[PDB]
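Below you'll find the structure, written out as structure tokens, and then a few comments.
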Amino acid sequence: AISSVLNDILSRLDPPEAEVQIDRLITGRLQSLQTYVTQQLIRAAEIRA
Amino acid sequence: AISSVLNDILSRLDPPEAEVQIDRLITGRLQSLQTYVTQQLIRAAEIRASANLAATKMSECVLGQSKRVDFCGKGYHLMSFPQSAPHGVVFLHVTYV
Amino acid sequence: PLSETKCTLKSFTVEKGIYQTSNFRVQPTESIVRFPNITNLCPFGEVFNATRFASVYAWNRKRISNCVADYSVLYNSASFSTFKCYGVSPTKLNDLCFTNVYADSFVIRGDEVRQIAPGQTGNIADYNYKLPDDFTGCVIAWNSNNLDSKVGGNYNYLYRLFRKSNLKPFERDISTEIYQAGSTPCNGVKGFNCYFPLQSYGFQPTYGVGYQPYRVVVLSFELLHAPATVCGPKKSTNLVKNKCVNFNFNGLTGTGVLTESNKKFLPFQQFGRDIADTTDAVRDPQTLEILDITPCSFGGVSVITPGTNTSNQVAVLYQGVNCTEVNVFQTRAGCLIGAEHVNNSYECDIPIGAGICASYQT
Amino acid sequence: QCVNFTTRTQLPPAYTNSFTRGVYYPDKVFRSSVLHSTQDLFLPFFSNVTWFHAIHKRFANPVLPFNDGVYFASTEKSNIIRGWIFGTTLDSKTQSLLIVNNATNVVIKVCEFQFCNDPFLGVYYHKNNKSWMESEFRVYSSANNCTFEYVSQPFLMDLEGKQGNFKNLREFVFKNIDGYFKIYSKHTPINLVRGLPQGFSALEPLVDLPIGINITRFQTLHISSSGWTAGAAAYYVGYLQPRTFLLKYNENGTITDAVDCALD
Amino acid sequence: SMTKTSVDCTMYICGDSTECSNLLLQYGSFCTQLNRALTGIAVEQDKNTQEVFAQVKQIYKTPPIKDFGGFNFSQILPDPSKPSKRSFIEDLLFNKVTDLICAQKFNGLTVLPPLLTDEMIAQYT
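Chains A, B, C, D and E supply the protein sequences, listed in that same order.
When the letters of the first sequence are read in order and numbered with the authors' numbering, they come out as residues 972 to 1020.
When the letters of the second sequence are read in order and numbered with the authors' numbering, they come out as residues 972 to 1068.
When the letters of the third sequence are read in order and numbered with the authors' numbering, they come out as residues 295 to 620, 641 to 676.
When the letters of the fourth sequence are read in order and numbered with the authors' numbering, they come out as residues 14 to 69, 77 to 241, 245 to 247, 255 to 294.
When the letters of the fifth sequence are read in order and numbered with the authors' numbering, they come out as residues 730 to 827, 848 to 874.
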């Protein structure tokens, strides 16, 4: 995206144009959070073992 | 994307247009790489569960004598002979039936 | 190499152990291109001397194979009105290997110049003739508005604006009769919201670019497995095996190490592939030779050093690659630079691989 | 020319089975000791193809349509069949593809020909210097507007007349891919009387014809003008279909086995 | 143990491309997370061989004079006449369990060799 800060995207692009860059930030952070949760479930199986 | 080779994309679309198709390759290959790593980590739990079980059988069945039932194999255990094997180990157990 | 570990671990203190930093890779030092002698030359300049060019569906073509387009006569430099090119230029076509080259000559308008693209759509593409996906060349055009164009439109040349379906690459329809125009068949004679498929040029010398006639020459290319016999006026560059080079063999461009192979290829088979569907071995188009295609050697770089409070001595480890550049020793793990080989056996301190371990001693 | 042969008649459309027929090299890729699965226009295993024959009092040369691709099966002794004629209307109204077999190369001429109802090529004067060479043209009266011409690679052929059962076998495949005509040829001797024998062979690439003409039907060129007769030969016509095969590649880069996964 | 694999994020996704390498910098630490994950696997696979194959650090040898009470251990014991040290039972174990290793290294997938070789593992056994 253009900037990692959402406020820079909201204060720059129009509401129709901002939806393109905001979806890139959300989907990327969803994958970053899902990867974290997936890795924690793997470490959960290791610590329970 | 249009093609799996980056040279085919850079030789057709413009630099601003090529970055869109390359990101499709990166996102897909990264998800393909994250899927491989995820499967390896899941299979890593099974190979360590078997290794801890093999190390337990190596200790109890081989070194000592285990009174556990159906652990060193069917019957009353006597002695176990380990044997090297590719990507693992083979246990030869002597039982009393 | 000690500081490379510091930037990898994001700390100024490196504990004793083996740490990976970078990845070593060998860059190609040469470009090897090997193809047999010259047979013929494609009609690049022979079609430029014609009196006039036919219509879009009437295009004339002359088939001259063996790639290797005539580089002696080149009119492609600032000799015409405008040049819109894709891929590589005719001057750069010498570095590429093509099977068959069709020299096409046709006349279009200004709006149809931008519509010409390799294997794409357009008014002349999916209706009259569509260019194949293999076209890397330049689209050359010249301004005929002061010659071929007439006042009130030029009806001499013809083109088919509508067709029942879109054409595939390298497909043509020359029929000028009345057929289906849109998606709904009108059953022959014009009507029922269809139109007369054949159309004529409206060229007016007094209007803008879109109505100006432009004579366009397109060179059709073939990227298929059929080998090309010549690459460039300077071909060989002398093949030397057992080296990392950039190679183009039988139309396949790649970078790797060239080695001789004993595999027997079918005379109708140009090149092989492995289980992964990647280039495995190729055959020499010039003489009879079988070259095994292997990529250039690469591997990871491991830094073997003791603790920061112990010593600054560093042992560089190359994993699974031989060091041709370069205390340079070779083990089953790879080239190890910065360590000494001791025949005595000691307890493993810093593990390397294949039963080899490193340690800091006197 | 315009008058057919006195022995020319329409045979009943009998059918026969092609055991492994329809297998060919999909490309020039070399492979060793691997199993690759590809999908293209193929002749399924255990299919049914038309059973035709031509002799010196029965001659059959029907016109058959061309849609999804065609398979050629030629059982020969003295090699009577000189090729096939291709085209849309098979006349001067559009382009027409012909195949001339001189027992040296394969001549492919795409032009505008005037179509005779019974195409033939005169072979006469066998008293001295036979050579089994083609001379007279009964196929087309005039020729013009040639958009394509090609000459193939040389090969070996035996045109000497023989007696008894069939000997030579030539199996071809003609298909249209994006306007590119890919013809695949195989020639092997066989022992056959009628029908087809059970066997396995792979078809090697013959010629590449980047022409682009549309072909809605095809007729056969059998040749060896009502007084002219034909020779002893049999010919079969298959149809290509989009089937997936599993090909077994050996160390020499040939197909040693084939499996049609859409059959059983 | 399992085959030790090490994958480079850049070379596997897009190699020999400077423009594509810059597009990887915008996606964050995925290289660090995926590399340390596979590297952590290769270390744990080596720890599995140390916790199983070698129990003790003292090597024991077979005495030359053999009276076992009627048992024949020549099958389980290694054969010194072979170039590699293995037993008569390990003859079938190694042969019946199946280059592809170099083929994976051609596409950018590095296969790390194990720490304990076949001779070292057989000595622990």
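All C-beta atoms in this analysis are idealised placements derived from N, C-alpha and C, irrespective of residue type, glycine included.
Report yes or no: is there a C-beta of chain B within less than 8 Å of the C-beta of residue i?
i: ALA972 (chain A); result: no
i: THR874 (chain E); result: yes
i: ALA1015 (chain A); result: no
i: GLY381 (chain C); result: yes
Give a yes or no on whether 8 Å exceeds the smallest Cβ distance from residue i to chain E.
i: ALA647 (chain C); result: yes
i: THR547 (chain C); result: no
i: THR1006 (chain A); result: yes
i: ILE312 (chain C); result: no
i: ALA575 (chain C); result: no
i: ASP568 (chain C); result: yes
i: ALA609 (chain C); result: no
i: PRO507 (chain C); result: no
i: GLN1011 (chain B); result: yes
Does residue i come out as helix, strand or coil in the three-state DSSP assignment?
i: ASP979 (chain B); result: helix
i: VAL512 (chain C); result: strand
i: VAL1008 (chain B); result: helix
i: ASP428 (chain C); result: coil
i: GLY1059 (chain B); result: strand
i: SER438 (chain C); result: coil
i: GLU1017 (chain B); result: helix
i: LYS776 (chain E); result: helix
i: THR415 (chain C); result: coil
i: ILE101 (chain D); result: coil
i: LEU1001 (chain B); result: helix
i: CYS760 (chain E); result: helix
i: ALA609 (chain C); result: strand
i: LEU650 (chain C); result: strand
i: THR618 (chain C); result: coil
i: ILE818 (chain E); result: helix
i: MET731 (chain E); result: coil
Would residue i pass as an interface residue toward chain C - the criterion being a Cβ-Cβ separation below 8 Å?
i: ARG44 (chain D); result: yes
i: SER982 (chain B); result: yes
i: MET869 (chain E); result: yes
i: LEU864 (chain E); result: yes
i: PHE855 (chain E); result: yes
i: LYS41 (chain D); result: yes
i: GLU224 (chain D); result: yes
Mind checking residue i: buried by the 16 CB within 10 Å criterion, or exposed?
i: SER1055 (chain B); result: buried
i: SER305 (chain C); result: exposed
i: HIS1048 (chain B); result: buried
i: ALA263 (chain D); result: buried
i: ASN422 (chain C); result: buried
i: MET153 (chain D); result: exposed
i: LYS786 (chain E); result: exposed
i: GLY268 (chain D); result: buried
i: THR676 (chain C); result: exposed
Within a Cβ cutoff of 6 Å, which residues of the same chain sit near residue i, ignoring the five residues on either side of it in sequence?
i: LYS484 (chain C); result: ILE472, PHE490
i: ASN641 (chain C); result: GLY652
i: residue 639 (chain C); result: Missing here is residue 639 (chain C); chain C as given proceeds from 620 to 641 without the residues in between.
i: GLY1046 (chain B); result: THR1066, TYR1067, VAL1068
Tell me which same chain residues have a C-beta within less than 7 Å of the C-beta of residue i, skipping the five on either side of it?
i: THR208 (chain D); result: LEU189, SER221
i: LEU984 (chain A); result: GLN992
i: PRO39 (chain D); result: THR51, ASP53
i: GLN134 (chain D); result: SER112, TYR160, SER161, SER162
Excluding the 5 residues flanking residue i on each side, which residues of the same chain have their C-beta closer than 8 Å to its C-beta?
i: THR859 (chain E); result: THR734, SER735, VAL736, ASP737
i: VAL83 (chain D); result: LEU110, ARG237, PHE238, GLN239
i: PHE342 (chain C); result: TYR369, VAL511
i: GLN498 (chain C); result: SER443, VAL445, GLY446, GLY447, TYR505
i: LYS356 (chain C); result: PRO337, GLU340, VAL341, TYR396, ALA397
Does the CB of residue i have a neighbour CB from chain D at under 8 Å?
i: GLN474 (chain C); result: no
Exercise for the section: Return the chain-ordered ranges of every beta strand (DSSP E) run that is complete within the segment 295 to 323 of chain C and spans a minimum of 3 residues. Expected result: Counting whole runs of 3 or more residues, the segment 295 to 323 of chain C contains the beta strand (DSSP E) stretches 311 to 319.
Practice task
Enumerate, from N- to C-terminal direction, the unbroken beta strand (DSSP E) stretches of 3 or more residues contained entirely within the segment 108 to 164 of chain D.
Solution key: 116 to 121, 126 to 135
Problem - Sequence ranges, beta strand (DSSP E) only - wholly within the segment 20 to 50 of chain D, length at least 3 - result: 27 to 31
Problem - Whole beta strand (DSSP E) elements within the segment 563 to 595 of chain C, 3-residue minimum - result: 565 to 567, 573 to 577, 584 to 588
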